[PDB]
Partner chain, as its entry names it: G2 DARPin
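One chain is shown next in structure tokens, namely the form deposited without the partner chain.
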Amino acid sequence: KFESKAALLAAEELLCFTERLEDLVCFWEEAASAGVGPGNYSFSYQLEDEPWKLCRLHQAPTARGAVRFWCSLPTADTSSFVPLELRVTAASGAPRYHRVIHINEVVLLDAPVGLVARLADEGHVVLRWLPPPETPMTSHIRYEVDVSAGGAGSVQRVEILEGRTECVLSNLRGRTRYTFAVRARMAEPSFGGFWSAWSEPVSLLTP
């Protein structure tokens, strides 16, 4: 599920992100070690003048061989944008991670969905998609469309601003294979974040 987001967000440190501004997921990665599991680490955090609390850690494998420990904050401590102080120490108390987080600065939406490309110009292609499901202020979401084709293929990018979930592509090379994908993120109004992953592609052949 979020195995892809963390993989992408892996851009070692303790990394956090919110999917729909009413949640927060933090995780870190390290070499797998015999006998070491989520019971060997304490993940604590605190809201403005509220006693530190611990988060139920989780461990999961990775496509790369290191392990990932994550914590999904209870929905009650992620319903406002108050700063979150996070502190990860070994079950023995040995310090490892310490930082602060503003849920509004680490956005990472799900990829767009319902991508479809109608070839409606005996040349021009029409692309239509949907915003990441269950995501507020869709008008703030900006998109990036990928246009690739395959001899030595090529790829090109198309900016979609102000929240439009559709576009038209022209100057596409005739009789060729084209694969399209869409990814989004907040325009950075007041939302810090990163690009979502590419949507599920959709290829078409031009006449």
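Residue numbers count along the first chain shown, from 1.
### Task
Determine if residue 177 is unmodelled in a third or more of the other PDB entries compared for this protein.
Negative; every one of those entries includes residue 177.
### Task
Specify whether residue 132 falls into a modelling gap in a third or more of the other PDB entries of this protein.
It is not, since residue 132 is included in all of the other entries that model both flanking stretches.
### Message
I'd like the number of residues from the deposited sequence that lie between residue 150 and residue 151 yet are not in the model, binned as none, 1 to 3, 4 to 9, or 10 or more.
### Response
Missing residues, residue 150 to residue 151: 1 to 3.
### Task
Could you bin the unmodelled part of the deposited chain lying between residue 11 and residue 12 as none, 1 to 3, 4 to 9, or 10 or more?
The entry has 1 to 3 unmodelled residues between residue 11 and residue 12.
### Query
When the C-alpha temperature factors are averaged for each of 26-34 and 47-55, which stretch ends up with the higher value in the entry?
Between 26-34 and 47-55, it is 47-55.
### Task
Could you settle it for me: does 37-45 or 59-67 have the higher average Cα B factor in the PDB entry?
Between 37-45 and 59-67, it is 59-67.
### Query
Between 102, 128, 99, 124, which carries the biggest CA temperature factor in the record?
In the PDB entry, the greatest C-alpha B-factor among 102, 128, 99, 124 is found at 124.
#### Entry: residue 182, C-alpha B-factor rank within chain (lowest, middle or highest third)
Its C-alpha B-factor belongs to the middle third of this chain's values.
### residue 191 - Cα temperature factor, lowest/middle/highest third of chain
Answer is highest: the recorded C-alpha B-factor places it there.
#### Entry: Assigned third (lowest, middle, highest) for the C-alpha B factor of residue 85
It falls in the bottom third of the chain.
### Chain third (lowest, middle, highest) by recorded CA B-factor, residue given as residue 145
Lowest third.
### Task
Tell me, lowest, middle or highest third: where does the Cα B factor of residue 94 rank within its chain?
For residue 94, whose C-alpha B-factor we compare with every modelled residue in the chain, the answer is the middle third.
Keep in mind that the form solved in complex with the partner chain is not shown, yet the notes after this line are about it.
### the partner chain contact at residue 98 in the bound PDB entry, heavy atom, 4.5 Å
Output for residue 98 is yes: heavy atoms within 4.5 Å of the partner chain.
### Close approach of residue 72 to the partner chain in the bound PDB entry, 4.5 Å, heavy atom
No, no contact at 4.5 Å.
### Message
Would you classify residue 94 as touching the partner chain in the bound PDB entry, given a 4.5 Å non-hydrogen atom cut-off?
### Response
It does: once the partner chain is placed as it appears in the bound PDB entry, residue 94 has a heavy atom within 4.5 Å of it.
### Query
What residues, if any, in 46-61 have a non-hydrogen atom within 4.5 angstroms of the partner chain in the bound PDB entry?
46, 47, 48, 52 sit within 4.5 Å of the partner.
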